There are 4 protein chains.
Amino acid sequence: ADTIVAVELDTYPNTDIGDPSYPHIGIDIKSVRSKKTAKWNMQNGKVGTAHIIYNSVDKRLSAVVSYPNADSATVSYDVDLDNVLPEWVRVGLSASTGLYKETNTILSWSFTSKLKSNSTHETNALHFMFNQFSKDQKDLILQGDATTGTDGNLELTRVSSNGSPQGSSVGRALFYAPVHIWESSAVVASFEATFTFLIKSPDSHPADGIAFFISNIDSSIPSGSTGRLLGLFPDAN
Amino acid sequence: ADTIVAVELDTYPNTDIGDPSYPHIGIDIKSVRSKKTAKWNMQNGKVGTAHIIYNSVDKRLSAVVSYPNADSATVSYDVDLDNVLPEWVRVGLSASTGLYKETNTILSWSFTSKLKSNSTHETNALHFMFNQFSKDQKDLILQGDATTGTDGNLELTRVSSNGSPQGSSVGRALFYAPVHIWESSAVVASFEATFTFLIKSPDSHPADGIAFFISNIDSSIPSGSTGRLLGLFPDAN
Amino acid sequence: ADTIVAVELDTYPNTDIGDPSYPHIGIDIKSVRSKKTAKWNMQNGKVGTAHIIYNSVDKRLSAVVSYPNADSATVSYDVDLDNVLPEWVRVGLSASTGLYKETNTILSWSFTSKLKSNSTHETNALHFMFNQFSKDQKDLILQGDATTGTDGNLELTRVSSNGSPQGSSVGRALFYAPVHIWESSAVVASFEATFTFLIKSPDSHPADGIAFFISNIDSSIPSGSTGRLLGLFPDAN
Amino acid sequence: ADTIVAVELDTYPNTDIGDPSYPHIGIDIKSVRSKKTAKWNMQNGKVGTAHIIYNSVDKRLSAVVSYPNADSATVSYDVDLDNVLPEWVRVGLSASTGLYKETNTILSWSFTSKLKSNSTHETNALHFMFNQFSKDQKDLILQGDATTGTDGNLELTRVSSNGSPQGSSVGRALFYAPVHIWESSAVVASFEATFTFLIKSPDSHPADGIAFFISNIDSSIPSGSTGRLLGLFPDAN
Ligand SMILES: [Ca+2]
Ligand SMILES: [Ca+2]
Ligand SMILES: [Ca+2]
Ligand SMILES: [Ca+2]
Ligand SMILES: [Cl-]
Ligand SMILES: [Cl-]
Ligand SMILES: [Cl-]
Ligand SMILES: [Cl-]
Ligand SMILES: [Cl-]
Ligand SMILES: [Cl-]
Ligand SMILES: [Cl-]
Ligand SMILES: [Cl-]
Ligand SMILES: [Cl-]
Ligand SMILES: [Cl-]
Ligand SMILES: [Cl-]
Ligand SMILES: [Cl-]
Ligand SMILES: [Mn+2]
Ligand SMILES: [Mn+2]
Ligand SMILES: [Mn+2]
Ligand SMILES: [Mn+2]
Ligand code: NA
Ligand code: NA
Ligand code: NA
Ligand code: NA
């Protein structure tokens with residue numbers, strides 16, 4: 001399979017696969033069964049913001065999710081990502097719906113990674129920022145049902161011309177350039193990611209969620225990874 | 001052909017094709033015959049630094065080149081790059097040698113472009129920084145004789161194991177991700193590029209130069225673009 | 001007097017002192033009589049965005065102002081700022097009202113300046129970004145009627161508890177740290193500034209405007225610089 | 001007293017006050033008796049580089065120190081800095097010598113802090129970078145024996161015209177602008193600091209060290225804080 005590290009904003013509780021009985025944020029190391037979660041007070045049709053951070057000194061992947069006028073949800077996991085991921089990766093956003101559904105709309109997305117060597121001229125850096133998505137976005141790899149340019153937004157899952165979200169949809173956007181997360185001479189490696197998102201549903205139980213993820217470079221949507229599998233995994237192991 | 005916008009650090013004067021009778025910095029809009037030049041007091045075997053800047057308000061491509069303890073050379077050209085380049089481009093470094101020769105060594109390279117829209121959440125940004133090049137640099141497209149990882153450096157032209165530069169060599173490094181230089185809703189578009197370079201020759205007349213360039217995305221080394229053509233153009237028109 | 005370089009978003013036309021007969025953006029070098037202007041299609045109660053740019057290679061102060069869904073206004077002036085300003089400056093925002101009035105509300109403000117030396121370890125940099133102003137903002141010098149923390153915003157001029165703008169008000173916010181705009185070994189010096197602003201008036205003729213400005217470090221509000229003088233100048237010379 | 005959080009690069013082992021019996025890096029929370037240390041293989045007269053990182057999600061102050069061609073030393077402490085420091089602080093560098101001595105030379109210094117609110121327009125940011133120190137550096141507060149502009153460098157302790165370090169010297173440089181490390185609406189607060197340093201001594205036992213520190217805004221050199229107290233503390237408690 002692919003190798004996946006994701007932060008999930010998971011909107012539908014699948015307690016059969018270890019989800020808590022509420023919407024939650026999770027940290028996923030090579031399994032959809034989050035290694036850690038925190039309760040998330042999901043707001044239907046409000047624009048929210050996720051922040052992911054990591055560095056190789058502390059080896060802690062943390063995330064925070066918030067809406068304005070609302071308290072934040074936070075989650076952290078101790079994990080050495082050099083022991084998990086290959087030295088070259090792609091970073092991306094994934095989403096899905098199933099028999100339950102929602103809009104999985106990205107309004108903005110930014111990523112910074114730094115590799116600091118032991119030489120005095122130190123940093124190797126990559127940073128992108130999207131506040132505006134464009135019909136033909138050449139620096140993004142779109143997979144499955146992901147489209148760009150509708151209202152300047154990235155629609156990770158299928159949404160009708162009438163505004164209405166479709167079920168059984170899975171989509172992903174990956175930044176075009178590979179990211180280097182380890183180096184021979186690296187003394188500190190850090191990254192950070194922020195995305196803003198609008199999840200709305202005509203339903204009282206929306207599904208299934210959005211993930212920021214890091215994968216191998218040739219990572220693709222796994223077969224039957226709609227719904228609870230979030231476009232990340234081929235099974236619930 | 002390809003469409004090329006380059007800043008040349010041109011080490012060999014080819015006065016038959018309009019070069020002045022000294023080493024010079026030039027601004028090249030779709031021709032190796034610089035639209036403007038300034039005298040450059042090239043220092044053999046010293047590490048130098050080039051800076052390129054542009055924005056769409058002023059529509060002026062400027063460049064500066066310097067060595068420590070030395071006065072700078074500067075050059076500027078009025079040019080609307082939206083009238084020259086396609087809206088998606090790749091940016092890169094190119095170099096060549098011919099019957100005369102030199103090391104075309106890049107010690108570091110960084111690039112920032114911003115597209116600011118009229119929406120209040122404004123900037124679309126890309127930034128990379130390389131202070132350290134790596135044997136297998138996946139976020140660079142190497143073309144012709146360009147290699148990476150020798151002393152943590154990008155060698156744009158061929159250099160023997162003994163340190164010694166080879167003639168009749170042409171090489172290019174292009175950043176993997178396309179860069180968006182125009183947008184429907186763009187109010188300001190700007191970029192900047194800095195590279196540090198070591199050009200040394202056993203010869204009193206080194207050749208041929210280094211260029212920072214912007215091209216179409218599928219741009220490749222033109223046939224017989226060794227020597228004076230700098231790996232940029234198929235002819236001296 | 002103080003030495004002032006400002007970009008004015010000037011809402012009231014004072015044609016007696018050379019204003020055109022419309023709202024306009026201007027570039028002010030040591031006088032309120034803009035050296036250059038462009039027509040500005042000011043929108044009452046809409047949030048707008050100003051961008052200012054400059055570098056010492058081209059020696060061109062340019063500005064753009066925009067609202068979403070609206071075309072931009074632009075203005076540029078050739079001026080060597082090293083010949084105008086001292087080598088250490090403070091940068092800031094100023095506003096005023098007079099017998100005519102408006103809210104002069106800053107929602108956000110960011111500034112970047114770079115001094116690049118000829119040494120290989122090149123950049124001296126300062127960057128700040130405010131998206132949120134706070135009751136007691138210690139890194140801002142507030143002058144005259146400027147306050148912070150009302151709705152997370154900088155109110156440059158006086159505004160009642162009921163939301164309503166007061167006349168004959170002048171205020172300024174200056175960043176606490178001095179900015180270095182020239183250096184012995186400088187090869188390129190550049191800066192950029194962006195602010196977002198909400199100007200609303202119960203009046204069909206609002207007054208008087210907002211300026212981004214650069215001054216000497218001990219710069220203060222000049223006596224009787226309410227109204228057309230924008231909190232920048234002691235007279236209309 | 002003042003409130004001090006420092007990362008020490010401590011060159012002289014004072015085992016009477018809990019130093020290990022070697023040069024070491026330490027994390028100092030309101031005491032010179034590091035809460036945690038790691039062995040540091042200090043190199044006399046070689047240029048080294050320190051990196052400090054922290055965020056409020058993980059609440060871990062970490063540091064790394066390195067020389068080229070050398071393995072790094074690392075140290076980390078779990079500490080909520082909002083429980084230690086006031087919401088407004090100054091950040092700085094300090095050094096000292098005593099009966100033993102060394103040059104405490106800063107070649108470069110950069111700092112980034114971010115406060116991310118729960119509003120969609122999120123970040124409040126401050127960043128500075130010094131690669132070049134200047135005779136009259138207005139954006140630095142120099143205290144005790146600190147000077148700037150000798151070889152473009154910050155000399156934290158006294159050094160003769162002949163190059164030679166003086167004993168019983170203490171100096172500090174603080175950035176002029178206060179830094180905001182906590183906010184009402186903050187969801188994540190992070191910072192990072194890097195400085196490059198040259199410590200040389202004619203002595204086989206150099207003293208006493210360099211610290212990156214964060215203090216209250218009106219923090220000053222404590223009386224008799226030369227030598228082992230590093231210009232940070234009034235006593236060894
Ligand atoms: Ca689920
Ligand atoms: Ca030539
Ligand atoms: Ca006016
Ligand atoms: Ca000690
Ligand atoms: Cl919980
Ligand atoms: Cl695609
Ligand atoms: Cl598969
Ligand atoms: Cl010339
Ligand atoms: Cl390749
Ligand atoms: Cl060809
Ligand atoms: Cl006009
Ligand atoms: Cl004040
Ligand atoms: Cl006065
Ligand atoms: Cl240890
Ligand atoms: Cl001082
Ligand atoms: Cl004291
Ligand atoms: Mn889950
Ligand atoms: Mn030429
Ligand atoms: Mn005017
Ligand atoms: Mn110690
Ligand atoms: Na958008
Ligand atoms: Na290198
Ligand atoms: Na605000
Ligand atoms: Na220096």
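Residues numbered from 1 in each chain as written, not as in the entry; some residues may be left out. Chains lettered and ligands numbered in written order. Heavy atoms only, no water.

Structure determination for this PDB entry was carried out by X-ray crystallography, with a resolution of 2.40 Å recorded in the header.

As annotated in the PDB entry, chain A is Concanavalin A from Canavalia virosa. As recorded in the PDB, the entry bears the title "Anomalous substructure of Concanavalin A".

Another aspect to go through is the relation of the copies chain D and chain A. Rotating chain D by 180° and moving it 0.0 Å along the rotation axis overlays it on chain A with an RMSD of 0.0 Å. Both copies of the chain, as the preceding transformation shows, are related through a two-fold rotation axis. Looking at the rotation axis and the C-alpha trace of chain D, the residue lying nearest is D:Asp58, at 4.5 Å. A shared interface surface links the copies, since 100% of the contact residues of chain D are contact residues in chain A too. (Least-squares fit on C-alpha atoms. Contact = heavy atoms within 4.5 Å.)

Moving on, we get to the relation of the copies chain A and chain B. The operation relating chain A to chain B is a screw motion whose rotation component is 180°, with 0.0 Å of axial translation and a residual RMSD of 0.0 Å. Interface overlap between copies is the fraction of interface residues in one copy that are interface residues in the other; for chain A against chain B it reaches 100%, indicating a shared surface.

Turning to empty space enclosed by the protein, a few remarks are in order. Per the stated rule, a full pass over the model turns up eleven cavities of 30 Å³ or more. In this structure, the second largest cavity spans a volume of roughly 450 Å³. The set of elements that each furnish at least two residues to the lining of the second largest cavity consists of β4 (47-55), β8 (105-117) and β15 (186-198) of chain A together with β4 (47-55), β8 (105-117) and β15 (186-198) of chain D. Considering each element in turn, the lining of the second largest cavity owes the most residues, six residues, to β15(D). Looking at the lining of the second largest cavity, its residues break down into eleven nonpolar, eight polar and eight charged. (1 Å grid on protein atoms, 1.4 Å probe; cavity = no way out; pocket = protein on both sides within 12 Å on 5 of 7 lines; lining within 4 Å. Points joined across faces, edges and corners; volume = space filled by probe spheres on them. Helix = DSSP H or I, 4+ residues; strand = E, 2+ residues; numbered from the N terminus. Nonpolar A, V, L, I, M, F, W, Y, C, P; charged D, E, K, R; others polar.)

With 29 residues of chain A in contact, the opposing surface of chain B contributes 29 residues. Summing both sides of the interface, chain A and chain B together bury roughly 2,300 Å²; the carbon and sulfur share of this comes to 54%. Where chain A touches chain B, the interface holds zero salt bridges. Linking chain A with chain B are 13 residue pairs in polar contact, by the criterion used here. If you list the elements that add at least two residues to the side of chain A that touches chain B, you get β7 (88-96) and β9 (123-130) of chain A. With eight residues, β9(A) is the single largest residue contributor to the side of chain A that touches chain B. (Buried area = accessible area lost by both parts, 1.4 Å probe. Salt bridge = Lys/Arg side-chain N within 4 Å of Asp/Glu carboxyl O. Polar contact = N/O pair within 3.5 Å; in protein donor to acceptor, adjacent residues only side chain to side chain.)

This paragraph deals with unusual backbone geometry. Residue C:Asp208 is bonded to the preceding C:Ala207 through a cis peptide linkage, with omega at 5°. Inspection of the secondary structure puts C:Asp208 in the loop between β15 (186-198) and β16 (209-215). Despite not being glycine, A:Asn69 has its phi angle at roughly 65°, a positive value. Positionally, A:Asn69 belongs in the loop between β5 (60-66) and β6 (73-78). A:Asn69 sits in the exposed class, given a relative accessible area of 78%. (Buried < 20%, exposed > 50% of the residue type's maximum accessible area, 1.4 Å probe, protein only.)

Let us look at the coordination of the sodium ion (ligand 23). Residue and element names in this part refer to chain C. Here the sodium ion (ligand 23) is held by the protein donor atoms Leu107 (O), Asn131 (O), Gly152 (O) and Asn153 (OD1), which lie 2.8 to 2.9 Å from it. Motif for the sodium ion (ligand 23), donor spacing along one chain: L-x23-N-x20-G-N. With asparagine 131 in the loop between β9 (123-130) and β10 (140-144) and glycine 152 in the loop between β11 (147-150) and β12 (153-155), this pair connects stretches of sequence that are 21 residues apart. Like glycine 152, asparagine 131 is buried. (Donors = N, O, S within 2.8 Å, 3.2 Å for Na, K, Ca; no water.)

Contacts between chain D and chain A engage 28 residues on the former and 28 residues on the latter. Regarding the contact of chain D and chain A, the summed buried area is about 2,200 Å², with carbon and sulfur atoms giving 53% of it. When the buried area of chain D at its contact with chain A is split by residue, D:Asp58, D:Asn118 and D:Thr120 rank highest and sum to 22% of it. Along the contact surface separating chain D from chain A lie six salt bridges.

What follows is about the pattern of salt bridges. Pairs may arise between side chains of opposite charge once their charged atoms sit close together. Throughout the structure, instances matching the rule amount to 32 salt bridges over all chains. Two residues, B:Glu192 and C:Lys116, come together in a salt bridge whose shortest N-O distance is 2.7 Å. Note that B:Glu192 is positioned in strand β15 (residues 186-198) and C:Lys116 in strand β8 (residues 105-117), a pairing that runs across two chains. In this pair, the class of B:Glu192 matches that of C:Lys116, namely buried. Across the pair C:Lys59 and C:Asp80 runs a salt bridge, and its minimum N-O distance is 3.2 Å. In this pair, C:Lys59 sits in the loop between β4 (47-55) and β5 (60-66) while C:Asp80 sits in the loop between β6 (73-78) and β7 (88-96), placing the two residues 21 residues apart along the sequence. With relative accessibility at 30%, the residue C:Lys59 sits in the partly exposed group. Linked through salt bridges whose partners overlap, the residues forming this network are A:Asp58, D:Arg60 and D:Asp78.

Moving on to the coordination of the manganese ion (ligand 18). Residues and elements named next belong to chain B. Those protein atoms acting as donors to the manganese ion (ligand 18) are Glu8 (OE), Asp10 (OD), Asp19 (OD) and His24 (NE2), and they sit at 2.2 to 2.4 Å. Within one chain, the residues donating to the manganese ion (ligand 18) are spaced in sequence as E-x1-D-x8-D-x4-H. Separating the manganese ion (ligand 18) from the calcium ion (ligand 2) is a gap of 4.4 Å, which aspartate 10 spans by donating to each of them. Since its relative accessible area comes to 0%, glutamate 8 is described here as buried. With a relative accessible area of 3%, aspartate 10 lands in the buried category.

Let us now look at the side chain of A:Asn124. Here A:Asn124 lies in strand β9. At 2.9 Å, the side chain of A:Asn124 and the backbone nitrogen of B:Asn131 are in polar contact. Discounting residues that sit within four places of it in the chain, A:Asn124 has contacts with A:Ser113, A:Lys114, A:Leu115, A:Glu183, B:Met129, B:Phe130, B:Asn131 and B:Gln132.

With respect to the helices and strands, the residue A:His180 is situated in strand β14 (residues 179-180). Taking the relative accessible area as the measure of exposure, A:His180 reaches 11% and is therefore buried. Among the polar contacts made by the side chain of A:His180, one reaches the main-chain carbonyl oxygen of A:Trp182 at a distance of 2.9 Å. Sequence-distant contacts of A:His180, that is, excluding residues within four places in its chain, are made with A:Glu87, A:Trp88, A:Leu115, B:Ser134 and B:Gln137.

Now for the packing of aromatic side chains. Residues and elements named next belong to chain A. Applying the stated criterion across every chain yields a total of 58 aromatic pairs over all chains. With a centroid separation of 6.2 Å and 35° between ring planes, the pair formed by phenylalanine 111 and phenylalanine 212 is classed as tilted. With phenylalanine 111 in strand β8 and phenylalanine 212 in strand β16 (residues 209-215), the pair connects residues that are 101 residues apart, well separated along the chain. Like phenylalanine 212, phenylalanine 111 is buried. Aromatic rings pair up to connect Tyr54, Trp109, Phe111, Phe128, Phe130, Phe133, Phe175, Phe191 and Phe212 into one cluster. Lying across the ring of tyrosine 176, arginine 90 places its NZ or CZ 5.8 Å from the centre. (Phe/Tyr/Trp six-rings, centres within 6.5 Å; stacked < 30°, edge-to-face > 60°. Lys NZ or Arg CZ within 6 Å of the ring centre and 35° of its normal.)

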